[PDB]
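Chains as they are written, first to last, in the numbering used here: chain A, -2 to 192; chain B, -2 to 192; chain C, 29 to 254; chain D, 2 to 230; chain E, 37 to 240; chain F, 8 to 229; chain G, 267 to 478; chain H, 141 to 336; chain I, 141 to 336; chain J, 1388 to 1436. Note that beta-carbon positions come from the ideal geometry of N, C-alpha and C, so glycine has one too.
Shown next as structure tokens:
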């Protein structure tokens, strides 16, 4: 597992995913993304098992967009979150295990509030003001709790998140070559090339 | 970690060791010596199994200093490597295995000729133009046999190592967070601060 | 857990404990292990509690179906042979040890059925973990033909041997006496030991002695005109 | 490394007013196969203590010799205590306990259950227990092997609690031991008809009735059992 | 490890005179990492209250499983579901898998509306009714609770006597546990108005 | 095949006071579901106002009673009748425990007595070695039942003055020898009904500067 | 469980918890994870409670017997490497060991050593060992400046343990602070970790996520 | 658990005991293991208590339907049934049955079915787990051709040697006599042959 | 393997069967198991061929040394050398040893010593894997102080049932006769005992 | 169940319409002879008929 962090800013969810990809004992690629935009206003990032991740990630974009075009309106992040939960839930009971840990972040323009969710591999939905999975989670959960405020502007959320990046690099025995940053906001889903 | 590197050139032996020490879940120290002098012109850099490494260092150090005081005569790097190979070979047969991979580089002042020795955990010494250890060491061999020439001076050998260090950073999936460079010259064992 | 099933001349009498355990902790000092296949064919169960109660419900429903479909009172075997078949299907991944006893027009019966699909018949049988302690008193005191009043005193005192010597058995002693061509009498709490003593003071606390953080009301009433 | 090879089961015991009654089954089993019959296992040690040992025949036989050697060891000099106060059940007991303790250290224990019961020179009943676990506890009624969840319930009727010992004579005590033996013979597969009853009375010594059978057997109902359908 | 002990979760519940009470903690961990200090594990289907414990995911899955079935009963028979019928239903649902089983420990708490009587039940993993009319508790500091509650409890407790008892009982138990605590939310269920109160207690 | 650790149950409980100390325990001995004996002291006096109880695996728990009282002997001899203190005694027990750790004792050990100020003193040992002073500490298989109830009543853990709602903290009240008799009785009443390996008997030993007194209460027969 | 120590200008602040668990059940909540190696050395307790406690008593035995013989107080580097040679012996005779020996002498200055159960001995300015050493690190390294003042430094020992206590399952109980000077350690008492919570909640503005 | 069958001139007499252990614990000491599956084709059960009762119901079923359409099945016929259930479930059912029965024409006959399941007609069969001990006693003192009186004493004494050596065998001895004349149960309590 | 010894009026006769297997293959089928470790105290080996042989030497070492210092040892005494050595190597090695000897005082005696090491006085003893078949024949048909010729045909008939049913035993039946008269060898071939 | 959110009126009317559609489309079955009026509120279009 690698880098995958969320922080719920006042008006947006800032997700970040690892560049490094190691399958075997050699880093093979190092600019890869681990995120696929579900809908115009919901982004989903994933990490977990190799090769399970790539397939199952394509699977959710497909199904949620199937329903989007049926109703010419887009599901709320709460509603997409529940769908992802539903599926993985059937999958720990089922014959072949999936193992995908997801942060689903979206801006709901109908509740008018950014929403951030953490779905672990077991199938537990939880609303959170910051989140994380795996190895990274262990150093950052406490680091983000320290400095946070309830309402923080967007560029404050970036500065904080770059403190969390910077810290991680020292402490983790793994190498991740910096993150890719994406903001999901009310004005659309964009990237920041600043790392 | 597990990176110790040697490039011998026509006036100098360059031994380099990992800075990072990672024990348990985190990297504890990202800056730490991992090599000790045996002699005034004999340096051993070492890596391997935790908790053998500290001990097998100071045990060698006690013995070689005992000889060099006792009889007023600094040992040949030829002699020193053998001594170390005897203990490593003995511990495979004995109850307590010593898992440590050791590179011993010296300047012989009897031949006036640099010499580099590669001794694996089992105990077979073999003198080489260059040698490495670990899974990390694999990556360095192929640049070494490309660019090496054996007419080389201090500076040319330095510039070859630098590629090897850079390589390690892209291709390796675990940090080591830079290296300490130590050079066995003809006027002692000097530490140089270049990365 | 001592559950005895003792035949006597005019019917069969079945007794039980009511202490139901889950490992070193006593979960509940009051449930009943006695179930009702049918109105005059009572059964009790021992072993994994879930797998007794569900097997007794499951097969309970089907012998009552049948009993309407023949328009006749159920027989002991009817229940007994359905049991046998069912537990065998999973190959004893179900762990039931039930005493099935009961009367009917064609006489008194008493079987025991183990978790694989084995079945035995005697005139005094016992299941449970305390079973051993029952059995000792049962083999000395019993004799061929008892009366009803004698049969309930043998039954009760056999569970009490159980209580005293087997940790996992305690609490009240229930009885259900089944006697041919008269209704089946449930005598709950016949003889009750293991009365808990009065506390040395009470532990009632006054208001506000635990902190509150905030207050709201939850509204469980249906949605109505505002 | 210790595993029982040839096994014995069941020695039971209780107190009464002037002494104790210790009695045991007789049978050298080899699992299913009953290969040895008439196996003595009420080992008289002194004459005011019977040690009844159960478990491995091999382990008992080898600590049977240490018991005899203990009585020799006491008898050395001492002209007012070479047979006059040399022995109490209690002394003999401690010694058994810590030898087994030290063999469990090795982890080839002497595989046995041991009851030591006799009557002291205070007129005090004594009845304690040691085993290959090496737990040490006193009890007013006690049992071993397969009787240690069979015979124990029965005997607790007589002996509800610690005040019922002075009521209980040597005539009631005979009766309880007899009843217990019947029941062991029926429900245990390791048991047998032949059992030996010793009364260690303080006023009549080691009274050893040898080669008792169980009596008044009920097998009348067994012809009334039919099919399952 | 054990499936129940991977987030924790406790539910305690006790009966009074004309009132029952149910109470949980709010912790959801993923082993040693505490993930959230709020997550209600009691939910309410009409005037029955359902406590759910055990394994992390199975709080969520099994809750909405009961969402679907409660609905079928309410739509059909044109009334809200009685305490006793819902206890039966939970027993039936847990057993539906026995090979590949659930891993949860429900607590049913309610007061019947057809006769005005308290009714509580408990459950195990595979699922069986565990009667009491005294108390039931479930979870993984259920052991610690079983004692705590016994010492304190007195038959026939008054409505806001019952509140101090269950609040203290839970507080002490949860801070003698690792995997439950971090805040606690106590319901007092009356015959007409159920009050929701979060409890100020040790986070650490 | 041999496995030399069982369980023999029982439960012990140590309460330090202000001029007294209480070390109680039950007198039930069991092995699995059969009752061995209803009556069997585990709480022995050992001289000089130290009472010890080593509860858990019985044989082990008798082993360290053996050696502890042996040390009482050799200390007095080669110090010519020197009174061995609570502080001193603690540290001896710890040496015997730890030195076997490749065949360890598998018991939960507790001592209690007075200290030199004339206040209660209770130390408690973990299985392998080390120990720490306490003020309340149960041990045994019903440990986790008696312990949260006794912190709720000795130290009043997470309780507050009434009618202030978490503004004021409830002050810690003094402990009488009479009052701490009651707690032990009430606790062991709760233990019995909800846990199947406490029963028959409860034996409180109360230890003061005045002497050791035994006091016996019955529990339930099952 | 978490034991951390960081050097600063004034000496070393050691700050440790007091919850020691067994199973999911919490054993005791009043344990002292400071071990007086002498008045001029403080030893942490992390890893197995039995193992770690014992051998550092006896390390204090050899400390007094370095001290008489040299007529000179044991150096921090000599103690550490005693303890290190001992635990290498029982390296795979199945024992544990995670201590930081923390000391300040007049001719060597403040020096921490982190002696392991493999016989690894690492020097350094900050270490953190425990099941909450990941939670501890982050906050401790953000709020670090080497040049610091005593008051501020005392506050840092609390704040990192607190963070650790909040998310970690086995961390909590009480905290203890000691401030090692050259002259000795001076003990700063016991703060409950849950009463500490509400203070810093107000003062900083922290723990937004905790409701209320 | 000891089961035998011995053929005689006018039929076959079947013999079983009544002690049936699981562990060291005797479940019931008055157990009946001589079972009706037809009306003149009786069986003896030994082996795993669940797996014999199971199989034996399934044969009871096949045989009775055979009666109702086709006329009575033979001993031969019934023996084949029991083989055809053991052989196809030889992977998980531990059952050794002795199928002894009276055909009109051919008198008494014995077939024994191993665990692996196969017909063997025999002049007498023994199987169980306490009937391993009497292989030598039956063989030597077996007279081919006996009378009704001779047969019962022979089998009584054969079961007594088996009882003496197996702690899984004891209790009363049950016998069924299958002859043209009919079906007669005999029973011997222990006092009646432990004297001999 | 099948060995036995059975007492009679003037002594004892010791009996064995000389087939000795490794797996399926018989290594040699003429291999004696009747061993002299003292000249009136003979023994019968069974269990593993190695294990018993090593024990028979070390027991010989200690009865040779007995006879030179303290006179000839009794049968009781030789058994106790076997016992205490079987004790030390109970788990390490296995043995079945039946110890049978002539004493000039108490006549012939038979002791049996399993692998754990215990002694049990008995009037007859059987051991091996031949002995779980012949158990019943031996006990019905035995009476103490039977004539010499009756012993000879009993041990014969016993061992003919062992070879018949156990296939691990076989070869010739050999016997050693311990009497006042001396030590006399008997041997009976396969063609003799199949009839008898 | 799957989206944890109240159904639109659009979805529910179309789901039924497709059931009825199945019977005319195939199988040789007769169609169910029912005509529905649905009253619903949903977020998106408010009241719907």
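Cβ shell of residue i (< 8 Å), same chain only, five flanking positions each side left out
i	result
residue 170(H)	158, 311 and 312
Close-in-space but distant-in-sequence residues of the same chain around residue i (CB under 6 Å, 5 per side omitted)
i	result
residue 286(H)	148
residue 175(B)	16 and 192
residue 199(D)	23, 43, 51 and 209
CA-to-CA distance, residue j to residue i, given in whole angstroms
i	j	result
residue 224(C)	residue 208(E)	24 Å
residue 158(F)	residue 60(A)	55 Å
residue 43(E)	residue 175(E)	11 Å
residue 28(A)	residue 123(E)	55 Å
residue 53(F)	residue 69(E)	46 Å
Cβ shell of residue i (< 7 Å), same chain only, five flanking positions each side left out
i	result
residue 288(H)	148 and 150
residue 92(F)	123
residue 420(G)	279, 443 and 445
Note down, in chain order, all residues in the region 288 to 315 of chain G with a beta-carbon under 7 Å from any beta-carbon belonging to chain F.
291, 294, 296, 297, 298 and 315
Check distances from the C-beta atoms of the region 188 to 204 of chain H to those of chain C and list, in chain order, the residues that come in under 7 Å.
189, 190, 193 and 194
Could you please tell me which residues of the region 164 to 185 of chain H, in chain order, have their CB closer than 8 Å to any CB of chain D?
164, 165, 166, 169, 170, 171, 172, 175 and 176
Interfacial residues, the region 135 to 159 of chain A to chain G, with Cβ spacing under 7 Å
135, 136, 137, 138, 139, 140, 142, 143, 145, 146 and 147
Every unbroken alpha helix (DSSP H) within the region 166 to 213 of chain H, with a cutoff of 4 residues, ordered by chain:
189 to 210
At a Cβ cut of 7 Å, what residues of the region 155 to 178 of chain C count as close to chain D, listed as they run along the chain?
160, 161, 163, 164, 165, 167, 168 and 172
Which of the residues in the region 251 to 274 of chain I, read from start to end, lie with their CB under 7 Å from any CB of chain H?
272, 273 and 274
When Cβ atoms are compared, which residues of the region 279 to 302 of chain H fall closer than 9 Å to chain I?
279, 280, 281, 297, 298, 300, 301 and 302
Counting pairs of beta carbons, one from the region 261 to 279 of chain H and one from the region 203 to 214 of chain H, are three or more of them closer than 8 Å?
no
I want to know whether the region 117 to 133 of chain D touches the region 21 to 36 of chain D - three or more CB-CB distances under 8 Å.
yes
Under 7 Å (Cβ pairs) to chain I, residues found in the region 219 to 236 of chain H:
none
Near-chain I residues of the region 47 to 73 of chain D (beta-carbon distance less than 9 Å), N- to C-terminal order:
57, 58, 59, 60, 61, 62 and 63
Report yes or no: do three or more beta-carbon pairs, one from the region 459 to 475 of chain G and one from the region 297 to 310 of chain G, lie closer than 8 Å?
no
Residue ranges of each alpha helix (DSSP H) run of no fewer than 4 residues wholly in the region 83 to 137 of chain F, ordered along the chain?
93 to 106
Between the region 95 to 110 of chain F and the region 172 to 188 of chain F, do at least 3 Cβ pairs fall closer than 8 Å?
no
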